[PDB]
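Q: Structure for the following, please:
(chains A and B)
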2 protein chains.
Amino acid sequence: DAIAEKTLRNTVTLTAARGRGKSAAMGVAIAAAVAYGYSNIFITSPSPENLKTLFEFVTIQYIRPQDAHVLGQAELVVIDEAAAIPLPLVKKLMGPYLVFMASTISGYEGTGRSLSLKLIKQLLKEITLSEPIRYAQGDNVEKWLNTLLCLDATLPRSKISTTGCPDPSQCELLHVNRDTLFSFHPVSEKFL
Amino acid sequence: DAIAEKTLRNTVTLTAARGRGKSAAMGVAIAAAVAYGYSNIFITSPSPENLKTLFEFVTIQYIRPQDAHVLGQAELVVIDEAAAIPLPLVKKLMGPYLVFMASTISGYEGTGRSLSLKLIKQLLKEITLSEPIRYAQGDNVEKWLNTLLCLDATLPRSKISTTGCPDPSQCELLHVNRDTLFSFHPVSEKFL
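A: Residues are numbered from 1 along each chain as shown, chains lettered A, B, ... in the order given. Provided below are the atomic coordinates:
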């Protein structure tokens, strides 16, 4: 409910891993706002992405961003995985209305969280959803893939140790080979 | 009231001389259809034309035809002096909705009735308004200008005489000079 001393119209950005319900969340707002009633909505996306869940959960109509550039009808715009969309095009569009920004992270074909921050900075009310709709948390299969795949993001904010977060000190340049991969000691799986 | 066994949605074309009230007529429908209620409307026009009366008589919003080509929101479209708009652009637009087509004729900067028929053929429910809002009919000033200016259209449908309407017979090619203008007899003011 974006109403307040601050503007009510603003940009929301919900980010989460896959299977979190970002789309489903984005679908709710569609009807929840009623054509006549709460209001009418809109939706855009990059090379398609599954538009199917959001709308199925959904007035959803879809004009892709470029074609989207045409005229301004709606009160609340929703863009699925905007991080994928060009900064220039995306920014212009966000200006004419109020938006829900969705983006997948921490998975395959997601967007790097480092880039996500730079992207957010361009604006943002950001929110995150932690639990999967399809399975229960703690699903060992999912844990397995995350660990195998190295889904985990932590370094941008901070490292988990005494150090982490900004990396202070003099920067030193050095090269290392693949072999570092096997050894587990100093220069180990960890460095790579 | 376009509702019937035939489609309710169709194209209406009201044509008339200037000062007939075409715009005012077109304005009425705007509110008469209520956003929520009868319905929402729309309006387009060529190089502008006085948009002022229609809307003042009017939800009127205006996106020019080309920019208009963007998305389809409305139940009843109105285009002011469409004859002025390109056939290609105009036709495409008429397809997506229900429309009121207005056009000025029988005056300065009006559209020739001959062309108007060809234009109509491209479709049309056409209606005409005969009396001026601003003055009483029979205003001698208006009669004067019409006659001076040669506002009168009659030849396309038919000539007022035994002959008129289609021109049958073998076509004969001949030239005549301006001088025909003065003489009033055979080859007179009439031929020119």
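Q: going forward, measure contacts and count neighbours with C-alpha atoms only.
A: Will do.
Q: buried set for stretch A:175-185?
A: The neighbour-count check on stretch A:175-185 (16 or more other C-alpha atoms under 10 Å in any protein chain shown) flags residue A:180 as buried.
Q: For that stretch, report the contacting residues that lie outside it.
A: Residues from elsewhere that reach stretch A:175-185 (C-alpha atoms under 8 Å, 6 or more residues apart in numbering or on different chains): A:187-192.
Q: and the residue of chain A found nearest chain B, which of the three is it?
A: In chain A, the residue that lies nearest chain B is residue A:70 (5.0 Å; C-alpha to the nearest C-alpha). Classification of residue A:70 using DSSP: H, G, I helix; E, B strand; the rest coil returns coil.
Q: Next: residue A:26.
A: Using three-state DSSP, the structure places residue A:26 in helix.
Q: measure it to residue A:121 for me?
A: 22 Å (C-alpha to C-alpha, to the nearest Å).
Q: How about residue A:12?
A: From residue A:12 to residue A:121 the distance is 13 Å (C-alpha to C-alpha).
Q: Around chain B, pick out the residues from chain A.
A: Proximity of chain A to chain B, by C-alpha under 8 Å from any C-alpha of the partner chain, involves residues A:36, A:67, A:70-71.
Q: which one of residue A:26 and residue A:121 has more residues nearby?
A: residue A:26 (22 against 9; other C-alpha atoms under 10 Å in any protein chain shown).
Q: got the contact list for the more buried one?
A: A:54, A:78, A:100, A:102.
Q: on contacts alone, who are the packing partners of the helix or strand hosting the third one?
A: Put plainly, it is residue A:100. Here residue A:100 sits within strand A:99-104, counting by DSSP states H and E. Under the contact definition 3 or more C-alpha pairs under 8 Å, 6 or more residues apart in numbering or on different chains; DSSP states H and E, strand A:99-104 sits against strand A:11-16, helix A:22-32, strand A:76-80.
Q: try it again with 10 Å
A: Under the contact definition 3 or more C-alpha pairs under 10 Å, 6 or more residues apart in numbering or on different chains; DSSP states H and E, strand A:99-104 sits against strand A:11-16, helix A:22-32, strand A:41-44, strand A:76-80, helix A:87-94, strand A:125-128.
Q: Please identify which of those is closest to residue A:138.
A: Between residue A:138 and the helices and strands packed on strand A:99-104, the shortest separation by C-alpha to C-alpha is 15.9 Å, and it involves strand A:11-16.
Q: Pull out the CA atoms of that closest one and give them to me as CSV.
A: This file holds the C-alpha atoms of strand A:11-16, laid out as CSV (Å, rounded to 0.1, in the frame of the first residue of the first chain):
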residue,chain,number,x,y,z
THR,A,11,8.6,1.7,-7.8
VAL,A,12,8.6,-1.5,-5.9
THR,A,13,11.1,-4.2,-6.6
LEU,A,14,10.5,-7.7,-5.3
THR,A,15,13.4,-10.0,-5.8
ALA,A,16,13.8,-13.7,-4.9
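Q: Need the residues that contact that strand.
A: A:2, A:21-23, A:25-26, A:76-79, A:81-82, A:94-95, A:97-107, A:110-111, A:113, A:116, A:120, A:123-132 (C-alpha atoms under 10 Å, 6 or more residues apart in numbering or on different chains).
Q: chain center to that strand: distance?
A: With C-alpha atoms, centre = their mean, to the nearest Å as the basis, strand A:11-16 stands 6 Å off its chain's centre.
Q: Report the angle between that strand and helix A:22-32.
A: 140 degrees (axes from the mean of the first three to the mean of the last three C-alpha atoms, to 10 degrees).
Q: Okay, now the sheet partners of strand A:11-16, with direction.
A: Note on strand A:11-16: by DSSP bridges, its sheet partners are strand A:99-104 (parallel), strand A:125-128 (parallel).
Q: Now mean neighbour count too, for those strands, in CSV please.
A: Converted to CSV, the strands paired with strand A:11-16 look like this (neighbours: other C-alpha atoms under 10 Å in any protein chain shown):
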stretch, mean neighbour count
strand A:99-104, 23
strand A:125-128, 13
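Q: Would you mind saying which of those strands lies nearest residue A:142?
A: With distances scored as C-alpha to C-alpha, the stretch of those nearest to residue A:142 is strand A:99-104 (15.5 Å).
Q: If I take the closest one and helix A:87-94, what angle do their directions form?
A: Comparing the axes of strand A:99-104 and helix A:87-94 via the same axes, to 10 degrees yields an angle of 140 degrees.
Q: what packs against the following helix or strand past strand A:99-104?
A: Where DSSP H and E defines the elements, the next helix or strand beyond strand A:99-104 is helix A:113-121. Judged by 3+ C-alpha pairs under 10 Å, 6+ apart, helix A:113-121 is in contact with strand A:11-16.
Q: residues in contact with residue A:139?
A: Shown in contact with residue A:139 (C-alpha under 10 Å, 6+ apart): residue A:132.
Q: dump the residue contacts of the closest residue to residue A:96 other than its chain neighbours.
A: Spatial nearest neighbour of residue A:96, chain neighbours left out: residue A:72 (7.0 Å); criterion: C-alpha to C-alpha, 6 or more residues apart in numbering or on different chains. For residue A:72, the contacting residues are A:93, A:96-97, B:70-71, by C-alpha under 10 Å, 6+ apart.
Q: Please tell me how far residue A:23 sits from residue A:120.
A: Remark: distance between residue A:23 and residue A:120 (C-alpha to C-alpha) = 19 Å.
Q: Who has more neighbours out of these two?
A: residue A:23 (25 against 13).
Q: As PDB, could you dump the C-alpha coordinates of the strand or helix carrying residue A:144?
A: Following DSSP H and E, one finds residue A:144 within helix A:140-149. This file holds the C-alpha atoms of helix A:140-149, laid out as PDB (Å, rounded to 0.1, in the frame of the first residue of the first chain):
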ATOM      1  CA  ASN A 140      17.500 -31.200   0.400                       C
ATOM      2  CA  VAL A 141      17.300 -31.500  -3.400                       C
ATOM      3  CA  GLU A 142      17.300 -27.700  -3.700                       C
ATOM      4  CA  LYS A 143      20.100 -27.300  -1.100                       C
ATOM      5  CA  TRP A 144      22.100 -29.800  -3.100                       C
ATOM      6  CA  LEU A 145      21.800 -27.900  -6.400                       C
ATOM      7  CA  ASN A 146      22.400 -24.500  -4.700                       C
ATOM      8  CA  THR A 147      25.700 -25.800  -3.200                       C
ATOM      9  CA  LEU A 148      26.700 -27.700  -6.300                       C
ATOM     10  CA  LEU A 149      26.000 -24.700  -8.500                       C
END
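Q: That'll do, ta.
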